[PDB]
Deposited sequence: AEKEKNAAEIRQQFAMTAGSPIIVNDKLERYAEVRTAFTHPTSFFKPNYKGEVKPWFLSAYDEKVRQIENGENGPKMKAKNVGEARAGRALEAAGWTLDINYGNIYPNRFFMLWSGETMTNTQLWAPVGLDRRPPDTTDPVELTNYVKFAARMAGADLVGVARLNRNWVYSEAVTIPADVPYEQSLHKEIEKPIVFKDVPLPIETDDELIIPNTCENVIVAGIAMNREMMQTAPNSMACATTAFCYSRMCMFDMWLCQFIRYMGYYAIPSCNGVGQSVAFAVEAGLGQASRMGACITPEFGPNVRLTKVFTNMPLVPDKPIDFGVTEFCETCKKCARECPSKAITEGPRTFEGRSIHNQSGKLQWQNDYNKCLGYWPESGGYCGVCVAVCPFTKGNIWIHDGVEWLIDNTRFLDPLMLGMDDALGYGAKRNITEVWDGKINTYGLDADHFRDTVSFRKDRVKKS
C-alpha cells in the first residue's frame, strides 16, 4: 500500500485541546535564558583554552578543521578543498538570517508592520494593506493562507489558537537606533505584552501584541536527510543553515499575504516564542525525548517557524502517533549525544537548569552541555536528529487495516557531495508525502 501522509494524520488526529500538560509552577519564559544568550552558558572555551562567545570559539574550530583538511572533529575530509567547500556552503546558507536565528523582533527581516518594506511601498497604490478584509470566513481563510504557506516554502503548515504561555515574557533584541555592525554588542531585553490596541506596535518600553492576536500559523521547513546524517560534521550545518534562510523567506512572504488580505501579521523565526510548543498545539507532530517536535513526514529533521495573526482561522487538531511511548523506551538520542545533554529518565515538571521552562511535563535536558559541544565540534551537532528512528523515511507500514510504526527501526561527506540532490535539498522519493488538496487544508 502506497504511503499516505493524509491518511496517517487523519488516523492519529486527537480531539481539540492543547496536549501539553502543565501545572501551576508554569510562567512565561524570558528569552535571555536560552543557552545561546544567557551569560552562564554564552561563554565557551575554544580549542586553545581561550574563553570566548561560543560562536567565536566555534569559528576557531572551523578554521582549524579547514587548515587540517577535516569536515568535523577528528573527521578527515577528502582534502582541504572539500573541507573548504562544506564550510563555504554552511556560511552561505545563513545569507537571509540575522545573527543566527532572526530573534530580534521588529528588526531587519522580522518587521511587525509591512509599511516600510520595499514591496509594500511598490504596491501601495493598490491599497491591499489598507482595504478592510473581503473574507472573514475562517474556513476559506484557512484554505487561502495554507495554500500561500505552501507557495512560501513550507513543507508542513498548521494552525492553532495562540497560547501565550509559549510567548517569551521578554525578548532579546537591540535598540532601534543601533546599526547592524554593533548589534551583537548592544543586545537588550524588552518585554512582550498583550494590550487592547488595534495593531502590533513597539514603544521604547514594550513590544505590544494586540489582544485580538488570536492565532498562530506554524510552518515546517524540511531539512535534507543525507546532509543531516553527516552530523556532527559540516554538511549537517549546511542544511541547517539553508533552512534558516528558507524560514525567513517564509515569514516575510506569509506576513505580506496576510496584510494584503486585510489583517496584521507578526513574523518570528527563532524569536518571540517557543516553536516546539506552538508546533505541538498546531498538530505538526509531538514533543520528544530530545526536545524537538517529531513529525510523521520528517521525524525531527524539520525546522520550524511561525507567524502570529488576527486572521480568523480554523485550528488544526493535535496529533498522537505514539511518539511519547516510543521515546519512553528508545533513548537512542540520549545514548549517542556526544555531550550527554539528553536525559535517560522520565518526564517531569521541574526544569534541569535556568534554560528549561518549569511547569510543563517534558523530558528535561541540559542545554548548556549541548551548546558546549558546538565549539568543540565546530558545528551545530544534530547527532540526536540524525540517529532518531523517526528521521528515517521508511518508518511507516500499513497492515491492510491501518498505519503503524515499524518497531524494527528502534532496535561520508564526499559521497554526499557526489550523490543525490534536488531543489532545496528536498527528496523526490518522499515529496508526494506533502502534496496538499483542500480536504487536508481545512475540514
Item to check | Deposited residues absent from the coordinates (by C-alpha) | outcome: 1 to 2, 414 to 430, 463 to 464
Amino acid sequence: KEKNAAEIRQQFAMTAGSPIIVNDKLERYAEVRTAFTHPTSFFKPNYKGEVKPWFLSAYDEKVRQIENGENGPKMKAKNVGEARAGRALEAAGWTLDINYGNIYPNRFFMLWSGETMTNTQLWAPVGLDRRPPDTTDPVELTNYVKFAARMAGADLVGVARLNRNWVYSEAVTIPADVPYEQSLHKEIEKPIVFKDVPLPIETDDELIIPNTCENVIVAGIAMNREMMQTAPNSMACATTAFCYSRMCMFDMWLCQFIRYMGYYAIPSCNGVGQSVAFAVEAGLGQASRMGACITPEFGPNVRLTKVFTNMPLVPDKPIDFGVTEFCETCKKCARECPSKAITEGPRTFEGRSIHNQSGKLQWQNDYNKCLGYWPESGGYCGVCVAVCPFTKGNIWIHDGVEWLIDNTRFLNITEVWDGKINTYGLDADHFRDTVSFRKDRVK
From here on, numbers count along this sequence of modelled residues.
Item to check | Residue gap status of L411, at least a third of other entries | outcome: yes
Checklist entry - What stretch has the higher average Cα B-factor here, 369 to 377 or 196 to 204? => result 196 to 204
Checklist entry - Do the C-alpha atoms of 243 to 251 or of 264 to 272 have the higher average B factor in the entry? => result 264 to 272
Checklist entry - In this PDB entry, which of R107, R259, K78, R150 has the top CA B-factor? => result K78
Checklist entry - When you compare the CA B-factors of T329, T95, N102, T118 as listed in the entry, which one comes out on top? => result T329
Checklist outcome for this item: Quick tally, chain-level thirds of C-alpha B-factors: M14 sits in the highest
Checklist entry - Relative to the other modelled residues in the chain, which third contains the C-alpha temperature factor of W166: lowest, middle or highest? => result middle
Checklist outcome for this item: Sorting the chain's modelled residues by C-alpha B-factor and splitting them into thirds places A35 in the middle
Checklist entry - What third of its chain, lowest, middle or highest, does the C-alpha temperature factor of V51 fall into? => result highest
Item to check | For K306, the third of its chain into which the C-alpha B factor falls | outcome: lowest
